[PDB]
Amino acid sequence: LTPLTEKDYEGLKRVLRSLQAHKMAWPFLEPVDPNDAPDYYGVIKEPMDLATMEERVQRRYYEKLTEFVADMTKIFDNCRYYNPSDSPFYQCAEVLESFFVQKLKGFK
């Protein structure tokens, strides 16, 4: 896989901001609050969120697009594992993952 260039990184920031602005992204914007989900961090061993990804983007943590996609997929995988399939939180992952794929393919 090809290294992420500085030109690549402008695109990644755009993709990330498109997701952060999505109406369904709210449960993913910041780390889960342990007060609203007291067992969350006993269940989910590798939490991830969009603020933690923004930090990594800004600090050029990602060297390959696959690593960026892997962090994003953890967000969605964590959500569907923690939540039952009829929860509104689960529905956020359904909507935002397919939005992400649309944007990812564009990033191309």
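Position 1 is the first residue in the sequence shown; the rest follow in order. Here, rigid core means the biggest group of C-alpha atoms that superpose within 1.5 Å across both forms.
Annotation: of the segments 60 to 68 and 29 to 37, 29 to 37 departs further from this form in 5 other deposited structures of this protein (C-alpha atoms, root mean square over structures and residues, core superposition). Taking the root mean square of CA deviations in 5 other deposited structures of this protein after fitting on the rigid core, 51 to 59 and 38 to 46 differ, and the farther of the two is 38 to 46.
Judged by mean Cα B factor in the deposited record, 81 to 89 ranks above the other of 96 to 104 and 81 to 89. Comparing the deposited coordinates for 39 to 47 and 58 to 66, the stretch with the larger average C-alpha B-factor is 39 to 47. Among the modelled residues of its chain, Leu12 has a C-alpha B-factor that falls in the middle third, as given in the PDB entry.
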